[PDB]
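Only one structure is covered here, and it is reproduced in the block below.
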Amino acid sequence: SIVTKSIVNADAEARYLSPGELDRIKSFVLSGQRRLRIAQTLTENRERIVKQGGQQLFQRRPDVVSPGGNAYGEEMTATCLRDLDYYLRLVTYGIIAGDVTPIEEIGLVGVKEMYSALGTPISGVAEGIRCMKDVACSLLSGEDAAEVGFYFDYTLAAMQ
Amino acid sequence: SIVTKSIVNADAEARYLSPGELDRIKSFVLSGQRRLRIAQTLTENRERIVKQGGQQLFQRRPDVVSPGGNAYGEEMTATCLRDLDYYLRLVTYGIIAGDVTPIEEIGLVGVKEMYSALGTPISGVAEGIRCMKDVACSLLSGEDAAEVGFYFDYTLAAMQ
Amino acid sequence: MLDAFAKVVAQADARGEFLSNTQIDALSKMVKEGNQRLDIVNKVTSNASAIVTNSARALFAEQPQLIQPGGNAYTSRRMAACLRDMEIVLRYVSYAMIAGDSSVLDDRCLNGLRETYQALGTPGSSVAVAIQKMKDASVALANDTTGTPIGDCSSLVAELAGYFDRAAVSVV
Amino acid sequence: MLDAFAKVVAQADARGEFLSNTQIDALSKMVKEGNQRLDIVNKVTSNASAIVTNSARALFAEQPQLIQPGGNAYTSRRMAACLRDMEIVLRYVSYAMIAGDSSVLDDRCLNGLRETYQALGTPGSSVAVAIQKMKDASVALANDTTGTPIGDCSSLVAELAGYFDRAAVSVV
Amino acid sequence: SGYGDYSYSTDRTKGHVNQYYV
Amino acid sequence: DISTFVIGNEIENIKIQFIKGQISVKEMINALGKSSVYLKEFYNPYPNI
Amino acid sequence: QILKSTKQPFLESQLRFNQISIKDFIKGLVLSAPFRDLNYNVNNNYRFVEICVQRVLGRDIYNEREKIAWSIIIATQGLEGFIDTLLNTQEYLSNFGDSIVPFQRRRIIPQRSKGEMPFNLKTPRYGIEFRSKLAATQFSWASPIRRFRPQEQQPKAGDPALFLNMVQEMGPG
Amino acid sequence: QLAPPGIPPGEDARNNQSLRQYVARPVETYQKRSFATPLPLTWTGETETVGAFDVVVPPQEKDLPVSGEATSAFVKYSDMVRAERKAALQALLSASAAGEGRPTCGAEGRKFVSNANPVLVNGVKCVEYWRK
Amino acid sequence: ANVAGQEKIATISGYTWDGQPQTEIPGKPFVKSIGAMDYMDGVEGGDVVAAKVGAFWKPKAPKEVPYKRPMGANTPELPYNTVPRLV
Amino acid sequence: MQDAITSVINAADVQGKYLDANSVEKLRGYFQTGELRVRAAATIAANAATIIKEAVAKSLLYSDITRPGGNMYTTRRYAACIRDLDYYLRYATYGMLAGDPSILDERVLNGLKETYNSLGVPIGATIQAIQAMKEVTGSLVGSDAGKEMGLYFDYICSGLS
Amino acid sequence: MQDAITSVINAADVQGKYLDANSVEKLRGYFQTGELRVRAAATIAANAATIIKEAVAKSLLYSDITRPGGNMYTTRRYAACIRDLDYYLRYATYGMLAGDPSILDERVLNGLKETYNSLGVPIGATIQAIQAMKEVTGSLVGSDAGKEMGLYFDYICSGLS
Amino acid sequence: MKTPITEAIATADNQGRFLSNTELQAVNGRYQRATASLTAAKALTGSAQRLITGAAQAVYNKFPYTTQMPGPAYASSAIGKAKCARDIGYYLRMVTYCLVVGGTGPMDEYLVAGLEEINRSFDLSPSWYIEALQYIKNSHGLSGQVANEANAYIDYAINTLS
Ligand SMILES: C=CC1=C(C)[C@@H](Cc2[nH]c(/C=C3N=C(/C=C4\NC(=O)[C@H](C)[C@H]4CC)C(C)=C\3CCC(=O)O)c(CCC(=O)O)c2C)NC1=O
Ligand SMILES: C=CC1=C(C)[C@@H](Cc2[nH]c(/C=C3N=C(/C=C4\NC(=O)[C@H](C)[C@H]4CC)C(C)=C\3CCC(=O)O)c(CCC(=O)O)c2C)NC1=O
Ligand SMILES: C=CC1=C(C)[C@@H](Cc2[nH]c(/C=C3N=C(/C=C4\NC(=O)[C@H](C)[C@H]4CC)C(C)=C\3CCC(=O)O)c(CCC(=O)O)c2C)NC1=O
Ligand SMILES: C=CC1=C(C)[C@@H](Cc2[nH]c(/C=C3N=C(/C=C4\NC(=O)[C@H](C)[C@H]4CC)C(C)=C\3CCC(=O)O)c(CCC(=O)O)c2C)NC1=O
Ligand SMILES: CCC1=C(C)/C(=C/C2=NC(=C\c3[nH]c(/C=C4\NC(=O)[C@H](C)[C@H]4CC)c(C)c3CCC(=O)O)/C(CCC(=O)O)=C2C)NC1=O
Ligand SMILES: CCC1=C(C)/C(=C/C2=NC(=C\c3[nH]c(/C=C4\NC(=O)[C@H](C)[C@H]4CC)c(C)c3CCC(=O)O)/C(CCC(=O)O)=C2C)NC1=O
Ligand SMILES: CCC1=C(C)/C(=C/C2=NC(=C\c3[nH]c(/C=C4\NC(=O)[C@H](C)[C@H]4CC)c(C)c3CCC(=O)O)/C(CCC(=O)O)=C2C)NC1=O
Ligand SMILES: CCC1=C(C)/C(=C/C2=NC(=C\c3[nH]c(/C=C4\NC(=O)[C@H](C)[C@H]4CC)c(C)c3CCC(=O)O)/C(CCC(=O)O)=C2C)NC1=O
Ligand SMILES: CCC1=C(C)/C(=C/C2=NC(=C\c3[nH]c(/C=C4\NC(=O)[C@H](C)[C@H]4CC)c(C)c3CCC(=O)O)/C(CCC(=O)O)=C2C)NC1=O
Ligand SMILES: CCC1=C(C)/C(=C/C2=NC(=C\c3[nH]c(/C=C4\NC(=O)[C@H](C)[C@H]4CC)c(C)c3CCC(=O)O)/C(CCC(=O)O)=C2C)NC1=O
């Protein structure tokens, strides 16, 4: 979160928190009412955000679901959508934490080692998160879509 | 085994081993050729010694397998025969060790606490080992049946 | 022997996968080049007698010991075998230009050739000089306009020059 | 190619002497066991497609990476050549059982098979596993009565397992 | 010690034990 | 190795700058140690002692 | 490679009706499409001369210069002129003529037990020069069918699932 | 000797080759040809093959009714533990003592642990040399 | 290496299954096949989605300016009546 | 860190005697298997990623250590596994070449079971992963070579237990 | 406290399998040496006091641990030695019969080197006494029996070090 | 493989000559058809999973004994049903390889060579796979010259099985 790494920043520097750090912990907690509303929208829209998320993913990447693709059959396609439910969950954590620190140490650190070791095309799962982003930002206003989309594209950046 | 507790006996008494102890370690190792033959008979007769062992056990104790018995259904009856495979294995250890020391600290020490805590009738499992004994001694001559049966009835004694 | 299109199919069958959407869009650019990949093959086939002979004559002028008595290209049968070899390497480079993949070139022509010239005594450092002279005669003839519409063929003559460099380092 | 009768003649010829009276009587025991040798071979050739297919099926269950895409028995043609190898080895093991000598098995089946698989890249450790599955499928169909009179064929199924073990060692 | 980290008690997991039917 | 506790975007700044020869080993180690990959592992979870 | 994808049913029909000879049948099997796909496309010009001397002429390559001398026939005349030159040698016509199928000539000495490693085993369809390119692999990163519960297939020692098809047999029987 | 293999002797192409363009002749032998492969001996009375008269089916669970110093050894043995064991057998049965404490494992689990070996807890006696 | 081939970025010549190095021409190891795809531009981070390598916002210049000039004082030196065959 | 030759030289040196017939007798036994070990270490180097991918999918891929709460849930934790399994397949390759398991406890075994207890890594699932990894390694290198490579896997599993 | 048969049964039981050919192969190897161990333990029981009298007189009898200030000066301290050396010659006899050194560390080795450091007993002179005691024990029981009894002496000396 | 490009190199290579204008016209005709071919391969890939699960269901509807009969060859288990849909996906994948390449060369090499020997050995029936390929021919949903190219390689597989 912004609270924990604004601390560990000033922790390492042998000092307390500046006004630049304490006027933002202040500014973040007054932002906390609006963050829970945004995460509350994505919380009980996972049925559509995930299922329509895998909608565009297969239309844009039919190789991964075609015979020979990693997510082929009734089995892998279920797990094919399971990971999108994971990453959609971590974005709800990042929105409430005000940072990608929850998304950092979960689903991002060493993610290329996992998916390379699973045979999954890491570029394909990046395409899946982008398809979820258009569904997510379509569910919110412009002021919110600059945030909810904002955490997806960070996940897109670290996932390639 | 007879070698390890003839040692720990003379160990505690601050002395070496007497002729009474060393003429029996001597007498036991010359007996070792005949012991492996006896254990070799029970080793690859576990299919009949166990399955016919549970044969007479259910005919003599239909309560344990009837609905309400501890070994009721396809599941418990498989484990119902699993324990007999255990105790048949420990008797092969006792025959080669020349003592119930392997059977003592495995399957005998605190056995009533386990079976009482599992809801199993401890008298019922004692009936199972007796049924295995008649099958085992029927597979060997009279000189051997005085041994292979000899270790079962010790297990019968400690199991009640 | 497989072309540029069958190369990405053979790479995807080792994974057991369908082709990606970016792999199909990169094959639609090779189709779009097309007409001008066929212009390069048409320009080095229509001059194939003069690529070989002008760069053979230029080779024995700088290295005159090749045609001295005792030299490797001294006799009628040994001279006609040097011109036969230059015409074969030029043949499999033009096969690899039309295929988009150096797989006809290094299975049919380049495989085992370094160890063959060593068994014969042929100086492989001098075969490489004769290949590099055919490269300059081909890329100077690939980018002349002369009956083609004006455009950018620079990424295709960088691929034609890359086949000549591959044959010249695998011969020695 | 020489059978068990011709091997005691080939060894007695390099000594330059007639066969003894105990060497004729040892060959008269092999004539008396001839009908039981002919029913080992009759049972492993009347079930030749069941020894091979059921043991191949048991191999890709145990080693399932051989039929994965990119694998060694992955295509229709590499699968058919895999069953061809199991059918060839069972053919020459059955030839060595009717002879009594493993001469034809290593003159023209095992001769250079270890170095064929090394030049190809075929795993010879998995071919040995496949032979060991054809072995106990063949010794289980050998000691069942099922149209034979009852008797002791115990030293004949020990010899049949010896040619299966000779083939599996000679391949890796 | 992080946004994802392990504690034994929250592990509700037949993997320290290995009944392979689950 | 960086693999199982980095994301990929952390110290490619320093690797490519070193593979090109622009910085020597000691600058590469000092820039390595003072990156946030280090304090995220060796400074955060332990005391100053 | 005797598959019905590789059978030549019209070459077979012209041989049964006495139109071609066996020398024309042997020529038609070398110039066939299965032989060029499975054999010619995975050898260089030198190892393919070794294959076609061992299988058409029935004898082994004399030395490594016989391979060099004949490989330039394939590069300048194609495969159709190389098998016309091989079939018209006097080594071929004295041994097989035009009516006999070739064989490996004089492989085994009359009194010996072993042979000389028959030629289909001495040279398989590709060798060391193409092994590092077309050899298969183990563990191919290929995403196969899954298994999902592996310890339930083979239980451990104290598991009562090893005694499960024993309660059925005893029953109240 | 001769020429190298394949080289027609006298028609070499490296006779008066220049040194500046000379290429070293690679080494090639008559190994990989098939005529020089070593066959089995087979005129010295030895074939490399194997068949009948080789294979023996040895029963090696069953060597014989085992040696007399295993049985004659044996029947001495349990004449010397028989008086032991049945003394130790019904030391178990009417050692049917009562129960202390609370059952900590189902209905069992009382004061003493079932069938515990008393020699272990009672055999390690602590001793003071010059005990005082 | 499997990711680069799976991403169609570039195929890396690895090892055959016994561990000999792969190669297209059997002389030296790790030689690759080439053609119609290593000279084609615009697919450099191909199949890596939304890759941004170089000036992606503009098509590159044609640059079809092939001419060789007199290179005074740096034309390479090599012997006469000889090919500089490498040591 | 001793191979079979180093261990033979050490025992023959530690008594101050020369290499007698018994010391060279084992050394000749090691040189006979020298050809087998390199080809075993050859294919294992080639199929390193394929072997580890086969072991985890065959032993602990879908068990609930893989699911949330299990010991292998997060991607950092999953990525640590194949990093961790790579050492077992790698150091076992070193023991197979050196013919002596001294390198394992020197560089792998010491402080290993004491480390997994600190992190809370399940030793039970770890050994079954190595057992499954031992099973696939016998597929590639053959039977006897698998017997050699397998002889050091259970050495890791024994000490790690 | 396991003998060779107990250790063989434990390892064969700990995997839940029967006694296969390898487990019985070592058991047959132990029964072959059963005749040698009893006669070895026979003579050691007879010459217990003579062996300890020979070791102390050959290793540490006249050294300055025996003189005033040395670690063995007073009669209580000297008498503790032959009492102490009796256990090493006695427990080594038990290991020689059981064929497994588990009894030594169970009942001798644990807390031993930590105890001598408390009392200030010199571990250096202790091992040389056991080494000299090992040397005389090879005199009585012979060569191979001395190799067996000697195999547990240095086990004590190793762990006590 | 047998592509339109490699059958042009091979025609010139079989006589030892350069690429004439006969062979440049054959390569040019590949480039004109490749626009319809690479949009059919893109569309069969994009709907491959919904085409495989449908075509396996079409086999079980027509031949319902394959889900009931015990034995290894039949899809009467969860392991046999996954291997059936593995095979439908093998046949569909080779079709989209032939559309990319431009000729019946990938499935000649990977699929049809040795296919009759497998179905005889493992007791599989080529009428199961004809019914599965007649579903995909009627349900891929393409139209125009895109559907002409897709059906030309589906009909090549039905002619080898029958
Ligand atoms: C004989 C082989 C053969 C072919 C190539 C095609 C012939 C061909 N090439 C082009 C078309 C072309 N050909 C070229 C090629 C070149 N222009 C240059 O200045 C370079 C020197 C050279 C590349 C090396 C270019 C650049 C175009 C496209 C025109 C343009 O981009 O302006 C066209 C026009 C069709 C169109 O543009 O839609 C045709 C019919 N058919 C054939 O039978
Ligand atoms: C052309 C093919 C051909 C054959 C297959 C045999 C068939 C055959 N087998 C036997 C005869 C026999 N066959 C067997 C064989 C067996 N009994 C068993 O229990 C084992 C399963 C099996 C070992 C392989 C035995 C044991 C006899 C002799 C019966 C006896 O003991 O008298 C006989 C009668 C002659 C005799 O008894 O010696 C004949 C005709 N002969 C042929 O010409
Ligand atoms: C420009 C400079 C230049 C050279 C110096 C030579 C160097 C040279 N000499 C020989 C070749 C040789 N050189 C010798 C040399 C000698 N014979 C003897 O017995 C003495 C040792 C010595 C005479 C003084 C012999 C015998 C050969 C023939 C080797 C052979 O054919 O086996 C060869 C091999 C080709 C050949 O057969 O000629 C070469 C490159 N060539 C050159 O181009
Ligand atoms: C005067 C009466 C008199 C006897 C009856 C024998 C009795 C006897 N038999 C054996 C002992 C033996 N005797 C045999 C002999 C045989 N086993 C067979 O299956 C064959 C039938 C036969 C060989 C032809 C064998 C093999 C042993 C060794 C038994 C063992 O393995 O321990 C021994 C011990 C060592 C020895 O002397 O051989 C003795 C005392 N000796 C006597 O002095
Ligand atoms: C919270 C962060 C996080 C992630 C992301 C995660 C992923 C993860 N993905 C898995 C499998 C998988 N993942 C896929 C995924 C895909 N197939 C495709 O074609 C697509 C490109 C892609 C999905 C959009 C497939 C097919 C499998 C099964 C692979 C197999 O069975 O071999 C597995 C193994 C099975 C399991 O335990 O679920 C894990 C652990 N774990 C985590 O803790
Ligand atoms: C080597 C010494 C040894 C023994 C004996 C042993 C027993 C043992 N018996 C068990 C269960 C069981 N045992 C039975 C047994 C019986 N039901 C009957 O009706 C009969 C009277 C009787 C068998 C003859 C049943 C029904 C269960 C399952 C109980 C349950 O599921 O609640 C279990 C729990 C499941 C398991 O881990 O197997 C153990 C540990 N463990 C040991 O280490
Ligand atoms: C794989 C495709 C392929 C190639 C390229 C090939 C080359 C080849 N070049 C040969 C000879 C030759 N090659 C050369 C070539 C040269 N010597 C020189 O000094 C120059 C530097 C160079 C010409 C530019 C010469 C002179 C010979 C004749 C050697 C001799 O007569 O002994 C021979 C021996 C047969 C003969 O020509 O009589 C072959 C087989 N063979 C093939 O199958
Ligand atoms: C009559 C005596 C004789 C024997 C013994 C023999 C063996 C033999 N097996 C071969 C191939 C083969 N062998 C296998 C066998 C296997 N691959 C596996 O992964 C499995 C473990 C195993 C069997 C199930 C395969 C798949 C090929 C084809 C290799 C290839 O062509 O790529 C080849 C390659 C030549 C060719 O296919 O044209 C030969 C010569 N040939 C003979 O003439
Ligand atoms: C060369 C000898 C050697 C070994 C073996 C070794 C192991 C080792 N394993 C670790 C972690 C780990 N190891 C695992 C492994 C597993 N999880 C499971 O469920 C499985 C049972 C198992 C895979 C087989 C996991 C998940 C972690 C991360 C733990 C955490 O983040 O808390 C760590 C912590 C630091 C890090 O990974 O960067 C070390 C040091 N170090 C060594 O020097
Ligand atoms: C890439 C080219 C290629 C093809 C075409 C191919 C086919 C193929 N299908 C097979 C089995 C199979 N195929 C099926 C399929 C079916 N059975 C039914 O009942 C359904 C109706 C039908 C689905 C349409 C089944 C159930 C098996 C397993 C049969 C067995 O294990 O014996 C096998 C036996 C090996 C194995 O078990 O995997 C091969 C080789 N393999 C290849 O590599």
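Following the order of the structure tokens, chains are lettered A, B, ..., residues in each are numbered from 1, and ligands are numbered from 1.
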Inset, instruction - Could you find all residues in range 80-146 of chain D that DSSP calls helix (DSSP H, G or I) from the backbone, and write them as an NGL selection string? - result: :D and (80-99 or 104-107 or 113-120 or 124-140)
Legend entry - Contact residues (chain J, partner chain I, 6 Å, only C-alpha atoms) as a list in words: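 Only these qualify: residues 42, 43 and 46 of chain J.
Neighbours of ligand 2 at a cut-off of 8 Å, computed so that only C-alpha atoms and all ligand atoms are counted, are the residues residues 32, 33, 34, 35, 36, 37, 38, 39, 40, 41, 42, 142, 143, 144, 145, 146, 148, 149, 150, 151, 152, 153, 154, 156 and 157 of chain D.
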Kindly compile the residues surrounding ligand 8 within 7 Å, counting only C-alpha atoms and all ligand atoms, and format them as an mmCIF file with N, CA, C and O atoms, in the first residue's frame.
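Dumped to result17.cif:
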data_model
loop_
_atom_site.group_PDB
_atom_site.id
_atom_site.type_symbol
_atom_site.label_atom_id
_atom_site.label_comp_id
_atom_site.auth_asym_id
_atom_site.auth_seq_id
_atom_site.Cartn_x
_atom_site.Cartn_y
_atom_site.Cartn_z
ATOM 1 N N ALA D 56 2.600 -51.900 -26.194
ATOM 2 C CA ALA D 56 2.753 -50.510 -26.588
ATOM 3 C C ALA D 56 1.818 -49.625 -25.788
ATOM 4 O O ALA D 56 2.232 -48.571 -25.303
ATOM 5 N N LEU D 66 6.406 -39.814 -24.709
ATOM 6 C CA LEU D 66 6.766 -40.298 -26.030
ATOM 7 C C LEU D 66 5.726 -39.954 -27.077
ATOM 8 O O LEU D 66 6.052 -39.912 -28.260
ATOM 9 N N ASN D 72 8.820 -38.752 -29.406
ATOM 10 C CA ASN D 72 9.519 -39.696 -30.228
ATOM 11 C C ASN D 72 8.589 -40.600 -31.014
ATOM 12 O O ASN D 72 8.861 -41.066 -32.110
ATOM 13 N N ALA D 73 7.433 -40.869 -30.427
ATOM 14 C CA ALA D 73 6.419 -41.651 -31.108
ATOM 15 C C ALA D 73 5.254 -40.759 -31.483
ATOM 16 O O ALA D 73 4.134 -41.221 -31.625
ATOM 17 N N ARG D 78 5.785 -41.992 -37.028
ATOM 18 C CA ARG D 78 6.654 -42.438 -35.956
ATOM 19 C C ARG D 78 5.947 -43.385 -35.007
ATOM 20 O O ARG D 78 6.610 -44.165 -34.327
ATOM 21 N N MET D 79 4.624 -43.352 -34.956
ATOM 22 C CA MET D 79 3.909 -44.361 -34.194
ATOM 23 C C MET D 79 3.899 -45.699 -34.916
ATOM 24 O O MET D 79 4.012 -46.746 -34.278
ATOM 25 N N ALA D 81 6.238 -46.741 -37.062
ATOM 26 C CA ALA D 81 7.596 -47.256 -37.015
ATOM 27 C C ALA D 81 7.976 -47.748 -35.633
ATOM 28 O O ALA D 81 8.892 -48.558 -35.508
ATOM 29 N N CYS D 82 7.299 -47.267 -34.597
ATOM 30 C CA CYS D 82 7.524 -47.777 -33.254
ATOM 31 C C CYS D 82 6.936 -49.168 -33.085
ATOM 32 O O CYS D 82 7.566 -50.040 -32.482
ATOM 33 N N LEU D 83 5.727 -49.392 -33.600
ATOM 34 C CA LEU D 83 5.138 -50.721 -33.583
ATOM 35 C C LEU D 83 5.817 -51.662 -34.557
ATOM 36 O O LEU D 83 5.688 -52.876 -34.418
ATOM 37 N N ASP D 85 9.124 -51.765 -34.838
ATOM 38 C CA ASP D 85 10.272 -52.246 -34.079
ATOM 39 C C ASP D 85 9.884 -53.334 -33.095
ATOM 40 O O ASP D 85 10.641 -54.290 -32.894
ATOM 41 N N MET D 86 8.725 -53.201 -32.453
ATOM 42 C CA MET D 86 8.297 -54.205 -31.495
ATOM 43 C C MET D 86 7.886 -55.484 -32.192
ATOM 44 O O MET D 86 8.003 -56.568 -31.618
ATOM 45 N N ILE D 88 9.311 -56.498 -35.086
ATOM 46 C CA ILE D 88 10.531 -57.094 -35.614
ATOM 47 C C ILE D 88 11.269 -57.865 -34.532
ATOM 48 O O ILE D 88 11.741 -58.978 -34.763
ATOM 49 N N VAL D 89 11.363 -57.292 -33.331
ATOM 50 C CA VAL D 89 12.067 -57.939 -32.226
ATOM 51 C C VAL D 89 11.333 -59.203 -31.783
ATOM 52 O O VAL D 89 11.959 -60.231 -31.508
ATOM 53 N N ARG D 108 21.263 -60.657 -37.590
ATOM 54 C CA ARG D 108 20.503 -59.816 -38.498
ATOM 55 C C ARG D 108 19.386 -59.018 -37.836
ATOM 56 O O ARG D 108 18.606 -58.382 -38.547
ATOM 57 N N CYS D 109 19.285 -59.013 -36.511
ATOM 58 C CA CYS D 109 18.383 -58.082 -35.841
ATOM 59 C C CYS D 109 19.108 -57.169 -34.868
ATOM 60 O O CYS D 109 18.911 -55.953 -34.904
ATOM 61 N N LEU D 110 19.942 -57.716 -34.000
ATOM 62 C CA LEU D 110 20.661 -56.916 -33.022
ATOM 63 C C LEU D 110 21.993 -56.406 -33.541
ATOM 64 O O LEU D 110 22.705 -55.726 -32.801
ATOM 65 N N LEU D 113 22.046 -52.386 -33.917
ATOM 66 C CA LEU D 113 20.821 -51.704 -33.537
ATOM 67 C C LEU D 113 21.059 -50.637 -32.473
ATOM 68 O O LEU D 113 20.321 -49.650 -32.418
ATOM 69 N N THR D 116 22.232 -47.669 -34.458
ATOM 70 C CA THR D 116 21.168 -47.093 -35.268
ATOM 71 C C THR D 116 20.374 -46.085 -34.458
ATOM 72 O O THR D 116 20.095 -44.976 -34.925
ATOM 73 N N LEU D 120 19.978 -41.844 -34.798
ATOM 74 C CA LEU D 120 18.650 -41.283 -34.968
ATOM 75 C C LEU D 120 18.247 -40.392 -33.810
ATOM 76 O O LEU D 120 17.493 -39.438 -34.011
ATOM 77 N N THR D 122 16.858 -41.950 -31.051
ATOM 78 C CA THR D 122 15.804 -42.704 -30.388
ATOM 79 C C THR D 122 16.293 -43.146 -29.015
ATOM 80 O O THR D 122 17.425 -43.625 -28.897
ATOM 81 N N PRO D 123 15.496 -42.985 -27.955
ATOM 82 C CA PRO D 123 15.956 -43.427 -26.637
ATOM 83 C C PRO D 123 15.978 -44.939 -26.511
ATOM 84 O O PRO D 123 14.932 -45.584 -26.494
ATOM 85 N N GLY D 124 17.171 -45.516 -26.427
ATOM 86 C CA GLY D 124 17.283 -46.954 -26.316
ATOM 87 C C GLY D 124 16.877 -47.511 -24.978
ATOM 88 O O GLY D 124 16.678 -48.724 -24.872
ATOM 89 N N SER D 126 14.029 -46.697 -23.518
ATOM 90 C CA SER D 126 12.594 -46.912 -23.631
ATOM 91 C C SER D 126 12.255 -48.053 -24.564
ATOM 92 O O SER D 126 11.194 -48.661 -24.419
ATOM 93 N N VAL D 127 13.128 -48.348 -25.528
ATOM 94 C CA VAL D 127 12.951 -49.541 -26.337
ATOM 95 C C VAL D 127 13.190 -50.782 -25.497
ATOM 96 O O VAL D 127 12.546 -51.810 -25.704
ATOM 97 N N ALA D 130 10.053 -51.451 -23.538
ATOM 98 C CA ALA D 130 9.028 -52.028 -24.395
ATOM 99 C C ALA D 130 9.274 -53.504 -24.666
ATOM 100 O O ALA D 130 8.318 -54.265 -24.820
ATOM 101 N N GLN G 1 9.189 -48.135 -43.801
ATOM 102 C CA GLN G 1 8.493 -47.238 -44.707
ATOM 103 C C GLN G 1 7.643 -48.001 -45.709
ATOM 104 O O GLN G 1 7.360 -47.482 -46.790
ATOM 105 N N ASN G 120 20.238 -51.835 -44.123
ATOM 106 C CA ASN G 120 19.169 -51.001 -43.602
ATOM 107 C C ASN G 120 19.441 -50.577 -42.167
ATOM 108 O O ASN G 120 18.913 -49.557 -41.729
ATOM 109 N N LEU G 121 20.279 -51.323 -41.449
ATOM 110 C CA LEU G 121 20.703 -50.977 -40.100
ATOM 111 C C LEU G 121 21.981 -50.159 -40.071
ATOM 112 O O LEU G 121 22.182 -49.375 -39.141
ATOM 113 N N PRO G 124 20.579 -45.833 -41.403
ATOM 114 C CA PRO G 124 19.163 -45.443 -41.332
ATOM 115 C C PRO G 124 18.858 -44.182 -42.127
ATOM 116 O O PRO G 124 19.723 -43.696 -42.856
ATOM 117 N N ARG G 125 17.649 -43.631 -42.016
ATOM 118 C CA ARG G 125 17.240 -42.627 -42.994
ATOM 119 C C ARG G 125 17.890 -41.267 -42.764
ATOM 120 O O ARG G 125 18.060 -40.511 -43.720
#
Inset, instruction - Return the single residue from H:64, H:55, H:36, H:19 that is closest to ligand 4, with distances computed using only C-alpha atoms and all ligand atoms. - result: H:64
Give me the residues of chain G that have any atom at most 8 Å from an atom of chain E; for each, the nearest atom pair and the distance in Å, rounded to one decimal. Use only C-alpha atoms, sort by chain and number, and format it as CSV.
residue,atom,partner,partner_atom,distance
G:149,CA,E:20,CA,6.0
G:150,CA,E:20,CA,6.5
G:151,CA,E:20,CA,4.2
G:152,CA,E:20,CA,5.0
Sort by chain and increasing residue number a table of all residues of chain J within 6 Å of chain G, each with its closest pair of atoms and their distance in Å to one decimal, counting only C-alpha atoms, and write it as CSV.
residue,atom,partner,partner_atom,distance
J:50,CA,G:139,CA,3.7
J:51,CA,G:139,CA,6.0
J:62,CA,G:148,CA,5.1
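Using only C-alpha atoms for every distance, the candidate list J:129, J:140, J:119, J:96 yields J:119 as the residue closest to chain E.
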Legend entry - Counting only C-alpha atoms, the option among A:121, A:41, A:110, A:30 closest to residue 65 in chain A: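 Of A:121, A:41, A:110, A:30, the one nearest residue 65 in chain A is A:121, counting only C-alpha atoms.
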Inset, instruction - Please give me, as a list in words, the residues lying within 6 Å of ligand 9 when counting only C-alpha atoms and all ligand atoms. - result: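 After applying the 6 Å limit, what remains is residues 65, 71, 72, 77, 78, 80, 81, 84, 85, 87, 107, 108, 119, 121, 122, 125, 126 and 129 of chain J.
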